[PDB]
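Enquirer: Return a 3D structure for these sequence lines:
(one chain, ligands or ions: 15)
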Amino acid sequence: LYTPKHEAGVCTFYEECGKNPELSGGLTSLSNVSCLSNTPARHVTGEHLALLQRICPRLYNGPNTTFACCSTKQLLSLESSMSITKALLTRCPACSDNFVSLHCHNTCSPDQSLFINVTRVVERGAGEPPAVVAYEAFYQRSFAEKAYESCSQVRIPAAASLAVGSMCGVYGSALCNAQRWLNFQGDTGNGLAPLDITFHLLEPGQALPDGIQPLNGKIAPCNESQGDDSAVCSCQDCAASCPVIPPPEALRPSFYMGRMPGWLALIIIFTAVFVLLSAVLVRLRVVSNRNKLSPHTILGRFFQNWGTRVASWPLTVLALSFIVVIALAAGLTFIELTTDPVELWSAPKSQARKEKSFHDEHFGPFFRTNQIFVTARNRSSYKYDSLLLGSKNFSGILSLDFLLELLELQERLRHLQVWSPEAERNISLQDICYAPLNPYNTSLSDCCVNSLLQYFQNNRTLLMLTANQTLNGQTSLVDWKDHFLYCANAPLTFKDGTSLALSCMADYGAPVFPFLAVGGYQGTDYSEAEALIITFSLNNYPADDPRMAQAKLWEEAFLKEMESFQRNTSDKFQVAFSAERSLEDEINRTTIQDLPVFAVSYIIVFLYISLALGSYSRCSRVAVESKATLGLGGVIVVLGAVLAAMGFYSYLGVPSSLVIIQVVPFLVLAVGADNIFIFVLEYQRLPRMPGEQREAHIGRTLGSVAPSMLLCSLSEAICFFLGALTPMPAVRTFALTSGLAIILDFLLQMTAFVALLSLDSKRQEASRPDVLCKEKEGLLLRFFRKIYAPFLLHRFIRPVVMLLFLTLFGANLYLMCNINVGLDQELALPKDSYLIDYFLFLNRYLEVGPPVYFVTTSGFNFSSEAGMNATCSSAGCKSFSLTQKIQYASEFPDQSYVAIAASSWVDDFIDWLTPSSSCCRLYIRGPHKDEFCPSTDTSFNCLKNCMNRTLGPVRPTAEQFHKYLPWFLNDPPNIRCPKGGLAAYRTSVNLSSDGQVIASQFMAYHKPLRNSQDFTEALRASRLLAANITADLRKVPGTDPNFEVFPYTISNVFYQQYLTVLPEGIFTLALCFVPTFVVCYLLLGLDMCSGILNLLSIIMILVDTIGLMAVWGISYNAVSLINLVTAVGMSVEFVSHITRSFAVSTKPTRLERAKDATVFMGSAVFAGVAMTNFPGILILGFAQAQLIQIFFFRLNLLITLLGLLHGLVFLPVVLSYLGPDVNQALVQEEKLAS
Ligand SMILES: *[C@@H]1O[C@H](CO)[C@@H](O[C@@H]2O[C@H](CO)[C@@H](O)[C@H](O)[C@H]2NC(C)=O)[C@H](O)[C@H]1NC(C)=O
Ligand SMILES: *[C@@H]1O[C@H](CO)[C@@H](O[C@@H]2O[C@H](CO)[C@@H](O)[C@H](O)[C@H]2NC(C)=O)[C@H](O)[C@H]1NC(C)=O
Ligand SMILES: *[C@@H]1O[C@H](CO)[C@@H](O[C@@H]2O[C@H](CO)[C@@H](O)[C@H](O)[C@H]2NC(C)=O)[C@H](O)[C@H]1NC(C)=O
Ligand SMILES: *[C@@H]1O[C@H](CO)[C@@H](O[C@@H]2O[C@H](CO)[C@@H](O)[C@H](O)[C@H]2NC(C)=O)[C@H](O)[C@H]1NC(C)=O
Ligand SMILES: CC(C)CCC[C@@H](C)[C@H]1CC[C@H]2[C@@H]3CC=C4C[C@@H](O)CC[C@]4(C)[C@H]3CC[C@]12C
Ligand SMILES: *[C@@H]1O[C@H](CO)[C@@H](O)[C@H](O)[C@H]1NC(C)=O
Ligand SMILES: *[C@@H]1O[C@H](CO)[C@@H](O)[C@H](O)[C@H]1NC(C)=O
Ligand SMILES: *[C@@H]1O[C@H](CO)[C@@H](O)[C@H](O)[C@H]1NC(C)=O
Ligand SMILES: *[C@@H]1O[C@H](CO)[C@@H](O)[C@H](O)[C@H]1NC(C)=O
Ligand SMILES: *[C@@H]1O[C@H](CO)[C@@H](O)[C@H](O)[C@H]1NC(C)=O
Ligand SMILES: *[C@@H]1O[C@H](CO)[C@@H](O)[C@H](O)[C@H]1NC(C)=O
Ligand SMILES: *[C@@H]1O[C@H](CO)[C@@H](O)[C@H](O)[C@H]1NC(C)=O
Ligand SMILES: *[C@@H]1O[C@H](CO)[C@@H](O)[C@H](O)[C@H]1NC(C)=O
Ligand SMILES: *[C@@H]1O[C@H](CO)[C@@H](O)[C@H](O)[C@H]1NC(C)=O
Ligand SMILES: *[C@@H]1O[C@H](CO)[C@@H](O)[C@H](O)[C@H]1NC(C)=O
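Expert: Residues are numbered from 1 along each chain as shown. Ligands and ions are numbered 1, 2, ... in the order given. Sure, the structure comes next:
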């Protein structure tokens, strides 16, 4: 009751012996089943051989050598049955015969027993061969897979769907393969197969069942011609024959010019200047060796007369100064603050602003996104064995119980209402939500909400349904798991192929894509996803519109609800969430948190002054000698000047921000306090002779020190005003406020402070204690005189320090090239914000990046044949058409940051117009003849197509195009016509009143972006692609000479600043060095040496700062730019005072001159500037924010240390060698004054 032998040359059945008894109720033509006959093969000749050779030549083995195991009647039945599939595959016959070969071999092969094992026996009649209902067959995997592939992409004659999609049963082309297709052909459950055939795809490598040889015969590839027919399958039908497009080439690294690396040009260009100026100084010294009224007196006399008159009348000047300061400060009532960080940290005018304006004008603003993530805390991944797909792995988060809870949370969020005080009413979701369909007369069901549960239309009942169905020999149950797996691989469908014939589209009328519902998966293993995503979209608006405020109120309630849920579900799963406004609020909160800490930092500075300028008598006599009055005076005058500058700018109408308020007084005080300290110290050091009154003494003191304060003030203020060139509002506002504040500080110091000091001296001479309650040499003068100066200036020390500092400069000059560029949001957040968890979840689980739009401007004719030819990607299109270029670019996501190929309204429009789709029809009779008749009208009053049937590509005329396009754009999709533009293209085409297109867009997605370098590189690659597209579209005749396309995305406005060669601050910082040289040169009497030495010192300090900044891993950005401008200003306090003090000296030799300047001015500068700056920085270590600790604490400590090391060590030595000569006029004036 089986076939004992299965070796070779013997078959298992020959003659047809009647109809199949087991199958009943088919009511269709079927081949008569043969009964078992295990006999040798029959010789086939004559007309039987003629038919056998005719149908499938592969079995022909010579005119009188052919054997076969089939009859002519069986062949006629075979031809009749096969004719339907043969008709279907008409597009490329070459592979179709291969399919036919598969059947005829199975029917007639003389070596039938080597691959067919009969397994079913039915006894038709006594003493007759028993009928065979079913059997099994053996094949090799590679044979069947290649045979499948030969027609796997072949289209039907209509050219829309794939032929394979009509031959894989329950599912279409999306989920079919060789095994499933072969199983379909042999399974009688479809009402078509005549008998049950089991198809085993035995692997060729491992031979497991012995005695059976799986087969593998001749298979014709697509591009292999069948002799001289020269009718290979076009690559539109099987894709194997299409030409290969070479991969994108590697590009050179950025920042290059000419034939060399860019930065290398900079260093030589920089270094040469450093060499050149140095040479000049040496030349001057050599000339000296070979050869061997002044402004100081005018300024001295002027300031002495000014100071004595001011000191005489202290109450009047103090009153007038106070009144002026209050009069300016009062302006703060008009203050307006900007809080949006993108407006603060981005240029107001650029290419991106133009593109944003155009996009917003023609298509409307980009929507707001509110998003949550959830992943399971503890579960174990399990397995499920489905009838359709086999054994699949499911993650813990995809458990049935969890989904119901998530459905409840989503349902609570949709209904939610908020109280609006201005509107005095409850704002609902449908008042502000974004909806792609029905923007007016909307309802709650239309609002755009993306989630996994959209595959079940949020219907709890549908999620819980199960059903029984039978697939070949197995009957079993199906549930939600199968439906989700089916929808994931085929997002657009109006019904499944299972018993649960539900649609997979969202309730609001659009398909939901897997990368928007789940995340944390590789490949196409959607069931293994780890995180679930729920996203709400809200409409944006102009700022003036009141509705935005209402929208913001809704977001507040959203955040509250999530926090409540987070508490309730603390142990089950872990959630992460964010709202659109959250970042704007979160950063601002941080600023408020650190406002008292800075405040503490100012008062500590006060205390230092009171001790530094004080005295004692053996111990603990602070109550009398400590200068509390002068400390309070200095601090109040400087902070008054700062408030006056802010008030003035508020009067003018310039906005400000919390950052400016936070950091301007600190940076201003750090320089302004030092003029006060130096002046007071000089006053204490200078004795007076009997007869002199204190007013003359104070006058003479101001005459002594006022030109140094004037020179330093002018240099600092001009440098700060030159800082205000970068377009970024924060930096421009900072620079202008600091520039005005320093000037007002200077003017106040020369009036109110002098008066206060005069009154303090008056109180001191009368031996009265301060209102709080022997002129011995100071330790600093003794220490510098006896220990420091004889040591530093020693003959065996100077070349060592010179070589050490020049080597340090060289090494830092090299190191300064390794700069990290960019600002990351992660720093700007508090150490415990929920946004940290949100960003970490985005970085690990989200599979796609931001969307990008390629927007097409006016000036292009889409109504012509050439226009369509160059844009869409159908059978008759250009090989490198726009859509094809984007699709190609999407295949190499690492070279060009595009992950998902763009859609195209033109291809869907042309496809929709096709007569065979029954989508564009018109009424044929009655009151509405020649009007549009929608596809949902099932009457018989419409039998006429929009277009007449033709051959080849479908192209409308201009009249048809302009008449029918507004109908296409408003057709909702349905089961009768899956294509249409209402659910996807409604707002992507802007039409004119005469039917012309003004603008259009093509939408695509980026690959995941994780840091600022990926956003920058994505912008570079996308702009390069858009440039190539415009460059080729401009060759089409008839277009406007100024037609272009551009890549809009929401993030471009901020990130565009990093695309240049010099990262914006280099030009301004380089420019800021000029006022040092110019002011120093002019004020000191046209002294070339002082100017050159000051400029070189400032340059060396800034290069060292940038080098060490690179070595300590601090990135370059606008905040670093602010601090570097401050450093350029501050270093003048370390250089200028010593330079001027050395220059104005009457000692006969340079070495002698250096010593006195070093001891007196060195000790005053050290005690003032260094000790002023260190306590106001060390306090900031407790700021509790990463932004402040990285860019203010460490960077200012670095700047201060480099300042002191260059100022007090290098500068005296270089002055000792190359300093200026003696001013002879001063010598003559000194001698005559006798
Ligand atoms: C299609 O583009 C035109 C471009 O002009 C849009 O017309 C502008 O619409 C805005 C908003 O209503 C107005 O402020 C402008 O004044 C309009 N411009 C002109 C010249 O009238 C038009 O709105 C766009 N279509 C859609 C549906 O937004
Ligand atoms: C959620 O799904 C259920 C299941 O189909 C819907 O219930 C059916 O609705 C149709 C249309 O009104 C009725 O004819 C059936 O009798 C309902 N069946 C049952 C068991 O009630 C339900 O309407 C869906 N929810 C919504 C809001 O439409
Ligand atoms: C799906 O099939 C199962 C199995 O036949 C049905 O469950 C019942 O199972 C018991 C065995 O425990 C049988 O004795 C019953 O005859 C089965 N009932 C029926 C109606 O077949 C289950 O009810 C079926 N479900 C659906 C929706 O068809
Ligand atoms: C795009 O090109 C087509 C084809 O030339 C233009 O259609 C012609 O338009 C002119 C005037 O608009 C008519 O007189 C012709 O009869 C049209 N048909 C032809 C030549 O077959 C169409 O106008 C162009 N669109 C634009 C915006 O210029
Ligand atoms: C002060 C500085 C740091 C502000 C930085 C602003 C930038 C980097 C922020 C502001 C708005 C943000 C975008 C808001 C919306 C989304 C959609 C989301 O699906 C992908 C991320 C994306 C596209 C964000 C990218 C980053 C973004 C552009
Ligand atoms: C099968 O055999 C019967 C008996 O000769 C015949 O009438 C019938 O036409 C055959 N073919 C079929 C059912 O396709
Ligand atoms: C072939 O079929 C017979 C029954 O017809 C069965 O007993 C035998 O095990 C089968 N052989 C293989 C290798 O499956
Ligand atoms: C047909 O295409 C395949 C693709 O792998 C290629 O290897 C083969 O050489 C091609 N044959 C011809 C004749 O072009
Ligand atoms: C899984 O997590 C829960 C949550 O606390 C815990 O109680 C349970 O013990 C965990 N399972 C194992 C095996 O540790
Ligand atoms: C998932 O299923 C496949 C096939 O059933 C199996 O090989 C794999 O080990 C499974 N993974 C887990 C984690 O169970
Ligand atoms: C808004 O909804 C709350 C919910 O109970 C209700 O108490 C309140 O009265 C509503 N507001 C208005 C204006 O109806
Ligand atoms: C979580 O919320 C639900 C409904 O608001 C409530 O029934 C449940 O008790 C809450 N959980 C806890 C732990 O209170
Ligand atoms: C459009 O494409 C077809 C097919 O390549 C070509 O024959 C035709 O010349 C092209 N141009 C126009 C204006 O139809
Ligand atoms: C189709 O052909 C008929 C007969 O030639 C003609 O009357 C009709 O206008 C044609 N329609 C189109 C859209 O070309
Ligand atoms: C556009 O890209 C292609 C990529 O192969 C390149 O060969 C071509 O030079 C680019 N530029 C154009 C067409 O201006």
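Enquirer: can I assume residue 30 is in contact with residue 194?
Expert: Yes: Residue 30 lies in contact with residue 194 (CB atoms under 8 Å); the separation is 4.7 Å. C-beta here means a position set from N, CA and C on the backbone, and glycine is covered the same way.
Enquirer: so where does the residue nearest the centre of the chain fall, helix or strand?
Expert: The centroid of the chain falls nearest to residue 1015 when counting by CA atoms, centre = their mean (3.9 Å). Secondary structure from DSSP states H and E places residue 1015 in helix 1012-1033.
Enquirer: same deal with residue 251?
Expert: Using DSSP H and E, residue 251 falls outside every helix and strand.
Enquirer: So what's the residue count around it?
Expert: 10 (other CB atoms under 10 Å).
Enquirer: and residue 841, how many residues sit next to it?
Expert: Neighbour tally, residue 841, other CB under 10 Å: 24.
Enquirer: now it: how far from residue 899?
Expert: Residue 841 is 19 Å from residue 899, where distance means CB to CB, to the nearest Å.
Enquirer: and what of residue 446?
Expert: Taken as CB to CB, the span from residue 446 to residue 899 is 29 Å.
Enquirer: Tell me which residues touch residue 588, please.
Expert: 339, 658 (CB atoms under 8 Å, 6 or more residues apart in numbering).
Enquirer: at 10 Å what do you get?
Expert: Residues near residue 588 by CB atoms under 10 Å, 6 or more residues apart in numbering: 337, 339, 341, 657-659.
Enquirer: Please report phi then psi for it.
Expert: phi -60, psi -40 (degrees, to the nearest 10).
Enquirer: I figured the residue nearest to the centre of the chain hits residue 1053, correct?
Expert: No: using CB atoms under 10 Å, residue 1015 is not in contact with residue 1053; the gap is 11.6 Å.
Enquirer: Help me confirm that residue 643 comes into contact with residue 637.
Expert: No: between residue 643 and residue 637 there is no contact, the gap being 11.0 Å when judged by CB under 10 Å.
Enquirer: Pull up the overlap in contacts between the two.
Expert: Both residue 643 and residue 637 are contacted by 325, 744, under the criterion CB under 10 Å, 6+ apart.
Enquirer: Please tell me how far the residue lying closest to residue 430 once chain neighbours are set aside sits from residue 312.
Expert: What sits nearest to residue 430 in space, not counting adjacent residues and going by CB to CB, 6 or more residues apart in numbering, is residue 444, at 5.0 Å. Look at residue 444 and residue 312: by CB to CB, they are 81 Å apart.
Enquirer: And residue 1048, by the same measure?
Expert: In terms of CB to CB, residue 1048 sits 69 Å off from residue 312.
Enquirer: which bits of this structure sit near ligand 8?
Expert: 221, 223, 240 (CB under 6 Å from any ligand atom).
Enquirer: Out of the residues you listed, grab the one that's most surrounded.
Expert: residue 221 (17 neighbours).
Enquirer: List the contacts of that residue.
Expert: 94-95, 98, 146, 149-150, 232-233, 238, 240-241.
Enquirer: how much space between it and ligand 2?
Expert: 50 Å (CB to the nearest ligand atom, to the nearest Å).
Enquirer: quick one on the thing from earlier: may I see the buried residues of the helix holding residue 1015?
Expert: 1012, 1015-1016, 1018-1019, 1021-1023, 1025-1026, 1029-1030, 1033 (16 or more other CB atoms under 10 Å).
Enquirer: Could you single out the nearest of these to ligand 10?
Expert: residue 1018 (34.6 Å; CB to the nearest ligand atom).
Enquirer: how about the nearest residue to that closest one, chain neighbours excluded?
Expert: Nearest non-adjacent residue to residue 1018 (CB to CB, 6+ apart): residue 897, at 3.8 Å.
Enquirer: Tell me the secondary structure of that neighbour, please.
Expert: Following DSSP: H, G, I helix; E, B strand; the rest coil, we place residue 897 in the coil state.
Enquirer: any idea whether whichever residue of the stretch 801-950 of the chain sits closest to ligand 2 is helix, strand or coil?
Expert: When distances are taken as CB to the nearest ligand atom, the stretch 801-950 of the chain reaches nearest to ligand 2 at residue 936, 18.7 Å away. Taking three-state DSSP as the rule, one finds residue 936 in the coil state.
Enquirer: Name the residues of the chain found near ligand 7, please.
Expert: Applying CB under 6 Å from any ligand atom, we find that the chain lies next to ligand 7 at 2, 117-119, 209, 212.
Enquirer: Now the helix or strand hosting residue 76 - C-alpha only, PDB.
Expert: Using DSSP H and E, residue 76 sits in helix 72-88. Extracted C-alpha coordinates of helix 72-88, given in PDB (Å, rounded to 0.1, in the frame of the first residue of the first chain):
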ATOM      1  CA  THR A  72      -1.800  12.300 -23.600                       C
ATOM      2  CA  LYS A  73      -5.100  12.800 -21.900                       C
ATOM      3  CA  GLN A  74      -3.300  13.800 -18.700                       C
ATOM      4  CA  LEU A  75      -1.300  16.300 -20.900                       C
ATOM      5  CA  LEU A  76      -4.500  17.900 -22.300                       C
ATOM      6  CA  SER A  77      -5.900  18.200 -18.800                       C
ATOM      7  CA  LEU A  78      -2.600  19.700 -17.700                       C
ATOM      8  CA  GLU A  79      -2.500  22.200 -20.500                       C
ATOM      9  CA  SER A  80      -6.100  23.300 -19.800                       C
ATOM     10  CA  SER A  81      -5.400  23.700 -16.000                       C
ATOM     11  CA  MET A  82      -2.100  25.500 -16.500                       C
ATOM     12  CA  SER A  83      -3.500  28.000 -19.200                       C
ATOM     13  CA  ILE A  84      -4.800  30.400 -16.500                       C
ATOM     14  CA  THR A  85      -1.500  30.900 -14.700                       C
ATOM     15  CA  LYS A  86       0.300  31.000 -18.100                       C
ATOM     16  CA  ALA A  87      -2.100  33.800 -19.100                       C
ATOM     17  CA  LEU A  88      -1.300  35.700 -15.800                       C
END
